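Close look at the chain arrangement
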Amino acid sequence: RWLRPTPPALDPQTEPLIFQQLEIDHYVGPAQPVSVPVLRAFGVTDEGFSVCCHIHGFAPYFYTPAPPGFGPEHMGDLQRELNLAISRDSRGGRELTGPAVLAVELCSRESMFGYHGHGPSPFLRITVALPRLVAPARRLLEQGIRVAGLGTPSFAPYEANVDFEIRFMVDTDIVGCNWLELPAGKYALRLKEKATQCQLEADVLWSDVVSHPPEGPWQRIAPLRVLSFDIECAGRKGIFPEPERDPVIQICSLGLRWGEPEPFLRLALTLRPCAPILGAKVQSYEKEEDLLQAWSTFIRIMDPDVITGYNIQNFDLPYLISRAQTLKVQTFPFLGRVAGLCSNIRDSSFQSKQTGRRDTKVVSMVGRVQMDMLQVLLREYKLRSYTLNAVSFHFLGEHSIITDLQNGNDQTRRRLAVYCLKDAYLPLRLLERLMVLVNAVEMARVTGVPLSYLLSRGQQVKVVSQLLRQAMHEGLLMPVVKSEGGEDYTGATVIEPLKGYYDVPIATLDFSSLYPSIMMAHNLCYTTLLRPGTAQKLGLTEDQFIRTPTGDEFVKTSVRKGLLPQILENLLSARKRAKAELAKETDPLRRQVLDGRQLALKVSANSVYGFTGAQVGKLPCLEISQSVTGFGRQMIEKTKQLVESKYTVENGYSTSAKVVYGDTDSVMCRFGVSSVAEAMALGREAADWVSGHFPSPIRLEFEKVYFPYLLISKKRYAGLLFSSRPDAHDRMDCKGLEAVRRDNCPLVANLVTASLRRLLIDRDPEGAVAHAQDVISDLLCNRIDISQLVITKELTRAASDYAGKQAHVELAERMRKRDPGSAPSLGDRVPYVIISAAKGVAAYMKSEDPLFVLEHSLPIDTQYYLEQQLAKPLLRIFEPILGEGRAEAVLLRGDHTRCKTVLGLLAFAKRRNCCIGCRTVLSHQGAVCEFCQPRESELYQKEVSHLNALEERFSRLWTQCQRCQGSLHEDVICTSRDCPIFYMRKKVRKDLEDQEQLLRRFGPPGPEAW
Amino acid sequence: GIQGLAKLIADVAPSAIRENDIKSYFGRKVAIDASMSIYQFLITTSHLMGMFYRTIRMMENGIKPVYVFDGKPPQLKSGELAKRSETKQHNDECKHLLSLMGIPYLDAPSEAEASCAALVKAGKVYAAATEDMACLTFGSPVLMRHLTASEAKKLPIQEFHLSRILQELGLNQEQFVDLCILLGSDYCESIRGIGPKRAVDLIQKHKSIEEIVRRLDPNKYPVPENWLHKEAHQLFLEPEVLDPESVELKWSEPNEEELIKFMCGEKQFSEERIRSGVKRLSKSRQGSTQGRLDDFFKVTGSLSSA
Amino acid sequence: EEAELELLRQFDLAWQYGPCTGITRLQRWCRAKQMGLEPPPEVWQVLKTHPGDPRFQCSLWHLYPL
DNA sequence: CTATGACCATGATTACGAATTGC
DNA sequence: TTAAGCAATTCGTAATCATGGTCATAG
Ligand SMILES: Cc1cn([C@H]2C[C@H](O)[C@@H](COP(=O)(O)OP(=O)(O)OP(=O)(O)O)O2)c(=O)[nH]c1=O
Ligand code: SF4
Ligand SMILES: [Zn+2]
């Protein structure tokens, strides 16, 4: 629809180009100037034109040591290494490499690993023509033949085999989303006859570019173009949609320029004639071929930078591609920027111990960038459900019906289009509100990796990139060590608690950035690790090296500076600047998203240390990891000895303090005073006192005062939070307990939060007992919503769940009769509830889908929920304040309340009536019993105040759907399984149905036909 | 050894392979390949540490070991490959830790593995313990794998019965030899043509490569350069091995001092352990037990349900 | 039949007769006739040549827990 | 028609894997 | 060709081991 502005008057012999790049690309090419791999770079100007840039003359290489013989110091054998062996038996050694310009170069460099000296050594630099020839050469120089005139006897290892685009960016100092400049007279626009579809197309040599480091005025962001879209399909009853039978009926698109607070384009393309919508364009077609063609032409002409959505990768784009393949439309799958290239669906998997394992499809688009917001949420955030409704409530606050809204009239289709446009608008709001893209651009500028790697890869490519960028400045080469496999080492210490309930303030002192500052201030690195022999026979121990608790020796900083101290120092300053910016916000959600930014930079700095100990990886050095955790243990026991030893009764102070807890970075010391001001004063004195026994940047700091405190086990405690004194209290802290885990029911987590509220804030155990009694009583009397009963568990890799029978695996692998095409896959979460049956050996035989127990009305196992979900967390919490008469107190508060329980063949009812007063079954329909007839005015009085309260609950719920829907004049259709509103509006109809019929036992209060 | 062999069997005659527990081997005398063994431990006191512990574990379970060394190597493929271009120190350091533990040892005339088989097929020992399926090729009836694995790696030992392999593949030893060659012998280049499973079939209706070649002949399945498909087929048959009867192995009693005075001392290593070790070795002095019915009744055959 | 089942499905979604997914089909037909909006005399003449069948005398979504 | 222990049936203890959170 | 680490607590299922109620038959 709307086009980009027109590039007026660029003349290359006088004017430069200044543009900001988004994507890079590799390309094997003809039309050479009179190398074959030429590079592509796509970007945008400071105004809004689209620029493609072709870069020429770059070829991959690596290094290898020159062996000590008469060969690789003699030029005849250098060019003979270039020369091929013409023998017949060298077909395995000069064919797959063959005649390639590997070349011969002599340079003086060093290896990374260890500390041998300040002296370098000769290495050979071996270029290669193509990037897809470094793999057979590696298969032909190490295990292949290297008998060539006795120049290089096998073997010499390969060093610095890295990726092509990463080697380009390490070479020329270009980072992700960078400002690039072509100077005047260096670039030719009309040398390249147009093979792509951008406006400006330059054709430059790889030594002409100028990279501007992002800082000062070069810290801006260009006006990018962002698209979001959503589709609709018309299915059958029960049957989930399939790309060979179910047509695509509506596509809806939103588009904006980045930096402007509203969109500028709003389009909706439908398949029958429709009705107009104010604010958007509407076009209609009588066939699906025109609809797919129209969308492909719009996406070529608008030419967006970024494409977003929600689950567009695994649902939307391959559905469109398969549907275009079935209907024989040849011109659809050309969505990219290159004019002669069609797109294809390709599977990929990712797995780690940090995010688990996920299997995704990818679809190829060259030039353009994809950001599915579902994958960003699934990677960064740990939530309970990952539906669009659930995250839109958590962050903002909100198939067979559609097939008859489309086979109807045109106002129904207009309603369908407004629904689809709201769906297509929600991920834009989430992208701009959560500060996604600004943090992605800052991550790519601090680490130096492209913008597509932050959605596909892990935390290794970034630390490899930063280490290579720091390695070119002193002249070192990296080695290739690979081992399967070493052993584990010893991790962190935890101090033994003094368990219980405390009501005198405890002050928390901890170290900030512990492991990066250990690695900084004792000069630990790959490049300064001293081997056990190379100290000998030199004897200089003092101020030349140090010794660690695991046992290594490491050189002092008066000889070398390591590489990991400098990378860590850069990351630490970036996080410090993020916190300094975060210290001046007032909005809460903005404060937590800047907390998210600084959390991400601290995770990056700690993953630098975790790179060293990963024995399945790219470069492990477990000696360093052992030295780190040994220093950690030594320093925390130093802290505990010092804190408990100095402030004592004989040293003039009030009370000898005693440490109650410590977990590898923090110390919770109990001081003795019950005044929060005096505890805060002595705690600040203690933190600042103890910090002066270390190198720098090692510092201990005061952080909080808990008052009161509740310590249950290791990694399980709770307390109340004081930041200042006249800032009285902030909130609770629930470390580890049953309120922050997601393996349980909402009922149990709510009861634990409410019990700690009534028990820590108001200090009333009697209201707490009465609360827990009411929860158990309302459980047994069958008046608890089934939202509070849903359990969710993650469906991981299928073989560990083959090894032992679980409940959620049994529910998932059991398909439905309605739909063998929508079922949980690997990596998602399965929700279930437990119904009552008589198979007590197996709780995996009583699990059912919440919607299935909704539509089929199966009962609930209240004894399962009473003794297996609720009871034992309560016995954790309520015991330490009292004795074991407290277990008997809650099991007796159960006992007064356990005696109140509410209740094929089911069709053959008799429906025996019963007396309302004393429950005696009898013949006839009158409500009262003959012995209990006098007390009938009181028994009518009783239960009409129950009908009165059910009437008041019907009306508050069924008009809330009208305000959440938007309209007051049309029907509600919302079966949202993540809304408490749904199925709480279903049971009050039946309560009212039952309670209205019980009062017609009594006669009518008058006539009605008068 | 032979390439992709284990998988081939596993995939076409699993009845010849069993996953037994190290304990079930109590009372068995086994022939080991010291060379490979010594190597396994390395991949420098390891060449003996493992040569220590492991042999103790092999003893503790009733298994009576006999380490074997190689002599003058023969014409192995990659072996004499660098010759196309033109030590025993930590080795014998083991031939010592053994007799000092009362454990036999034999100097094979060439390839131990062949010698091991030589024994096994003479009743002089139960099975041969290596990691290379070669032994099977050499005619050995029983081959045990993993018997030298770390106490940690809870891997069970893998047994192989030649007479069961030959059974399924319906082919004599020799016929089996050719298969190993076309499967990937470490003596001569295989034939780029045939695949693992493919190589079997051919041999099945062509009791020799000599007949397999003359058949398939296009430039679509060419036969190797200097193919010694013959020389090899011979080695696997009549190798160079010390006569079985030539000697009688006798497990002696370990000499605590003389040895511990040549270990924890001369090679420095935690005394407390190598002491309790020599102690344990001295305890487990035996293995043979419970006889089989085979030992007294000839096997009639097999009754197969209708 | 199979043409009479689309006429009723077309009467059920025309907005000028009312917002009807809680009641029967003939009750909505008589409600519009009282107010006399314009009920057509064909959605009546198939609700008379049938007995109490639940796929003629019921709204489209008379399943569906809404 | 009546003692005795052998036999079936039901409940208490231990072991280990899976899931998830704290540093 | 691809993947940052370790410590600790909780719960469910199958298997191991203890103990009583019938019963079956020798006295
Ligand atoms: C959270 C976390 C901690 N650690 C280690 C490194 C840390 O130095 C040590 C302390 O944990 P943390 O206190 O969580 O982190 P931190 O001390 O480094 O930073 P800050 O005080 O500002 O919050 O625990 C990891 O190795 N990986 C991790 O993911
Ligand atoms: S049931 Fe009602 S309140 Fe709940 S989400 Fe649906 S429309 Fe909104
Ligand atoms: Zn009564």
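Cut-offs applied
- Residues carry numbers counted from 1 along their chain as the sequence is written. These may differ from the entry numbering, and residues without coordinates are not shown.
- To label them, take the chains in the order written and letter them from A, then take the ligands in the order written and number them from 1.
- Scope of values: the displayed chains only, which are part of a larger assembly.
- With hydrogens and water set aside, each side-chain value is computed from the structure's full complement of heavy atoms.
- Residues with missing side-chain atoms are left out of burial classes, side-chain pairs and their counts.
- UniProt positions are given in the numbering used here, feature names are shortened, and annotations may be inferred rather than shown by experiment.
- Only protein chains enter the area calculation, which uses a 1.4 Å probe; residues under 20% of their type maximum are buried, those over 50% are exposed, and those in between are partly exposed.
- The secondary structure listing takes helices from DSSP runs of H or I that are at least 4 residues long and strands from runs of E that are at least 2 residues long, numbered from the N terminus.
- Here a residue-residue contact requires only that any non-hydrogen atoms of the pair lie within 4.5 Å.
- Buried surface area refers to the total accessible area, computed with a probe of radius 1.4 Å, that the two partners give up upon joining, counted for both partners together.
- In the sections that follow, a salt bridge refers to a side-chain nitrogen of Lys or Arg positioned within 4 Å of a carboxyl oxygen of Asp or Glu.
- A 3.5 Å cut-off defines polar contacts: any pair of N or O atoms within that distance qualifies, except that in protein one atom must be a possible hydrogen donor and the other a possible acceptor, and neighbouring residues in sequence count only when both atoms are side-chain atoms.
- Nearness of a residue to a molecule or strand requires only that one of the residue's heavy atoms be within 4 Å of it.
- Under the scheme applied, nonpolar residues are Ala, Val, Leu, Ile, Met, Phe, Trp, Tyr, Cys and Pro; charged residues are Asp, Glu, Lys and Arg; polar residues are all the others, including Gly.
- Excluding water, the donors of a metal are its N, O and S neighbours within 2.8 Å, or within 3.2 Å for Na, K and Ca, and that exclusion means sites may look incomplete.
- Think of it this way: with four donors and all angles in the 85 to 135 degree range, the site is tetrahedral; with four or six donors, opposite ones beyond 155 degrees and the rest between 65 and 115, it is square planar or octahedral; otherwise it is irregular.
- Angular values range over 0 to 180 degrees, each being the angle between N-to-C directions of two axes fitted as lines to C-alpha atoms, with helices fitted over their stretch in contact.
- Each angle receives one of four descriptions, namely roughly parallel if under 35 degrees, roughly antiparallel if over 145, roughly perpendicular if within 65 to 115, and oblique otherwise.
- Handedness of each helix crossing follows the sense of rotation of the near helix against the far helix: counterclockwise by less than a right angle gives left-handed, clockwise gives right-handed.
- What sets the accessible areas is the Shrake-Rupley method with a 1.4 Å probe; for residues, cover comes only from the shown protein chains.
- Nonpolar core, defined: a set of buried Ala, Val, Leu, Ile, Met, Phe, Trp, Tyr and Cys residues in which side-chain atoms within 4.5 Å join the residues together.
- Between any two strands, pairing holds if DSSP finds at least two bridges.
- Pairing of aromatic rings covers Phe, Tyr and the six-membered ring of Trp, with a centre-to-centre limit of 6.5 Å; geometry is then stacked below 30 degrees between planes, edge-to-face above 60, and tilted otherwise.
- A ring has a charge above it when a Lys NZ or an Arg CZ is no more than 6 Å from the ring centre and no more than 35 degrees off the ring normal.

Going by the PDB entry, chain B carries the name Flap endonuclease 1 and comes from Homo sapiens. Per the PDB header, the entry is named "Human polymerase delta-FEN1-PCNA toolbelt".

Here is the UniProt Catalytic activity comment for chain A, exactly as written: "DNA(n) + a 2'-deoxyribonucleoside 5'-triphosphate = DNA(n+1) + diphosphate". UniProt annotates chain A under Sequence similarities with the comment "Belongs to the DNA polymerase type-B family."

Turning our eyes to something else, we now look at helix α10 (residues 196-205) of chain B. Each α-helix turn comprises 3.6 residues. Residues three or four places apart therefore point the same way. All of the buried residues along α10 of chain B are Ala-199, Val-200, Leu-202 and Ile-203 of chain B. Next to the buried residues of α10 of chain B lie α1 (5-12), α9 (173-184) and α11 (209-215) of chain B.

Let us look at the interface of chain A and chain C. Contact residues are listed per partner, giving 19 residues for chain A and 13 residues for chain C. Taking both partners together, chain A and chain C bury about 1,400 Å²; carbon and sulfur atoms supply 54% of that area. Inspection of the chain A/chain C interface yields 0 salt bridges. Linking chain A with chain C are 4 residue pairs in polar contact. For the side of chain A that touches chain C, the secondary-structure elements that each account for two or more residues are α9 (410-433) and α20 (850-856) of chain A.

Okay, the site of ligand 2 next. Every residue lining ligand 2 is accounted for by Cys-961, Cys-964, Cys-974, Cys-979, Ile-981, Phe-982 and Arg-985 of chain A. Among the secondary structure elements, those contributing two or more residues to the shell around ligand 2 are α24 (960-965) and α25 (981-984) of chain A.

Residue and element names in this part refer to chain A. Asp-488, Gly-491, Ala-843, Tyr-844 and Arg-876 are the nearest of the 29 residues found near DNA strand E. The share of sugar and phosphate among atoms of DNA strand E within 4 Å of the protein is 78%. The backbone of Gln-459 places a nitrogen or oxygen atom 3.1 Å from a phosphate oxygen of DNA strand E. A distance of 3.3 Å separates a phosphate oxygen of DNA strand E from a polar backbone atom of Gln-460. Of all the elements in the fold, those that place two or more residues in the surface near DNA strand E are β15 (345-352), α14 (588-612) and α21 (862-878). Looking at the surface near DNA strand E, its residues break down into 8 nonpolar, 11 polar and 10 charged.

Glancing now at the coordination of the zinc ion (ligand 3). Residues and elements named next belong to chain A. Protein-derived coordination of the zinc ion (ligand 3) comes from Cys-915 (SG), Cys-918 (SG), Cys-929 (SG) and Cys-932 (SG), at a distance range of 2.1 to 2.5 Å. The coordination sphere of the zinc ion (ligand 3) comprises 4 donor atoms, whose angles at the metal cover 92 to 121 degrees; the geometry is tetrahedral. Along the chain, the residues that donate to the zinc ion (ligand 3) are spaced as C-x2-C-x10-C-x2-C. With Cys-915 in the loop between α22 (885-895) and α23 (937-958) and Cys-929 in the loop between α22 and α23, this residue pair connects regions lying 14 residues apart in the sequence. What makes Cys-915 buried here is its relative accessible area of 4%.

For the rest of this paragraph, the subject is the pattern of salt bridges. All names here are of chain A. Summed over all chains, the structure comprises 48 salt bridges over all chains. A salt bridge links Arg-91 to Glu-95; its shortest N-O distance comes to 2.8 Å. A relative accessible area of 43% means that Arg-91 is categorised as partly exposed. Overall, the relative accessible area of 37% leaves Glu-95 in the partly exposed class. Residues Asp-303 and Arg-368 are paired through a salt bridge, measuring 3.0 Å at the closest nitrogen-oxygen approach. Of this pair, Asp-303 sits in the loop between α4 (288-302) and β14 (306-309) while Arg-368 is found in the loop between β16 (356-363) and β17 (369-372), placing the two residues 65 residues apart along the sequence.

Given the relative accessible area of 7%, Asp-303 of chain A is considered buried. Excluding residues within four positions of it along the chain, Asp-303 of chain A makes contact with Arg-4, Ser-50, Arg-337 and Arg-368 of chain A.

Residue and element names in this part refer to chain A. The immediate surroundings of DNA strand D are formed by 17 residues, with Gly-736, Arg-742, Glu-794, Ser-800 and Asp-801 found nearest. Protein-proximal atoms of DNA strand D, defined as those within 4 Å of the protein, fall in sugar or phosphate at a share of 93%. Contact between DNA strand D and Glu-794: a phosphate oxygen at 3.2 Å from a side-chain N or O atom of the residue. Looking at the surface near DNA strand D residue by residue, the classes come out as 3 nonpolar, 5 polar and 9 charged.

With that settled, the discussion passes to the packing of helix α12 (residues 514-521) of chain A against helix α13 (residues 564-582) of chain A. Residue and element names in this part refer to chain A. For the pair α12 and α13, the least separation of the axes is 9 Å and the interaxial angle reads 140 degrees. One way to sum up the angle between α12 and α13 is to call them oblique. The element α12 and its partner α13 pack so that their crossing is left-handed. Touching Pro-516, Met-519 and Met-520 of α12 are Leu-564, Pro-565, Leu-568, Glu-569 and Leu-572, all from α13.

The subject of this paragraph is the site of ligand 1. Residues and elements named next belong to chain A. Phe-511, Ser-512, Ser-513, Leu-514, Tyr-515, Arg-575, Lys-602, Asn-606, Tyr-609 and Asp-665 make up every residue found near ligand 1. A distance of 3.1 Å separates an oxygen atom of ligand 1 from a polar side-chain atom of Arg-575. Here an oxygen atom of ligand 1 and a side-chain polar atom of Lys-602 are 3.2 Å apart. A total of 560 Å² of accessible area belongs to ligand 1 in isolation, and the protein chains cover 63% of it. Broken down by secondary-structure element, the contributors of at least two residues to the shell around ligand 1 are α12 and α14. Top contributing element to the shell around ligand 1 by residue count: α14, with 3 residues. Classifying every residue of the shell around ligand 1 by side-chain character gives 4 nonpolar, 3 polar and 3 charged.

A separate point is unusual backbone geometry. Residue and element names in this part refer to chain A. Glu-484 connects to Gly-485 through a cis peptide bond whose omega is -5 degrees. Along the chain, the position of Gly-485 falls in the loop between α11 (461-471) and β18 (500-502). The omega torsion of the bond from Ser-696 to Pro-697 falls at 5 degrees, within 30 degrees of zero and hence cis. Locating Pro-697 in the fold gives a position in the loop between α16 (676-690) and β25 (700-713). A positive phi angle is found at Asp-173, which is not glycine, with a value near 60 degrees. Its location among the elements puts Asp-173 in the loop between α3 (164-172) and β7 (179-182). In this structure, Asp-543 is a non-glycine residue whose phi angle is positive, near 50 degrees. Along the chain, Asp-543 turns up in the loop between β20 (529-530) and β21 (545-547).

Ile-9, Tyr-67, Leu-136, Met-144, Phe-176, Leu-179 and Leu-182 of chain B are the most contacted members of the largest nonpolar core, which has 83 residues in total. Looking at this core element by element, the count peaks at 7 residues for α9 of chain B. Counting 70 residues, the second-largest nonpolar core is a separate cluster that includes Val-463, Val-643, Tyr-647 and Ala-679 of chain A.

This part covers the sheet that holds strand β29 (residues 829-834) of chain A. Residues and elements named next belong to chain A. Spatially, 3 strands are ordered β28-β29-β30 in an open sheet, and the strand pairing comes out antiparallel. Two strands close off the open sheet at either side, each with one partner strand: β28 (791-794) and β30 (847-848). Here β28 runs beside β29; their pairing, made up of 4 bridges, is antiparallel. Within β29, the position partnered with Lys-793 by the bridge is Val-830.

With that settled, the discussion passes to the packing of aromatic side chains. Residues and elements named next belong to chain A. Enumeration over the complete set of coordinates arrives at 24 aromatic pairs over all chains. Between the aromatic rings of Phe-58 and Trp-206, the centroid separation amounts to 4.8 Å while the plane-to-plane angle is 70 degrees, which identifies the pairing as edge-to-face. Taken as a pair, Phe-58 in the loop between β3 (50-56) and β4 (61-65) and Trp-206 in the loop between β8 (200-205) and β9 (210-212) lie far apart in primary sequence, 148 residues in all. With a relative accessible area of 30%, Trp-206 lands in the partly exposed category. Ring geometry for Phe-113 against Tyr-526: centres 6.1 Å apart, planes inclined by 45 degrees, an arrangement best described as tilted. Given the relative accessible area of 30%, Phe-113 is considered partly exposed. The rings of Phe-58, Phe-164, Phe-168 and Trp-206 are connected pair by pair, giving a single aromatic cluster. For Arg-220, the ring lying beneath its charged end belongs to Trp-179, and the centroid distance is 5.5 Å. Here the guanidinium or amino end of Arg-457 rests over the ring plane of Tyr-453, the centre of that ring lying 5.2 Å away.

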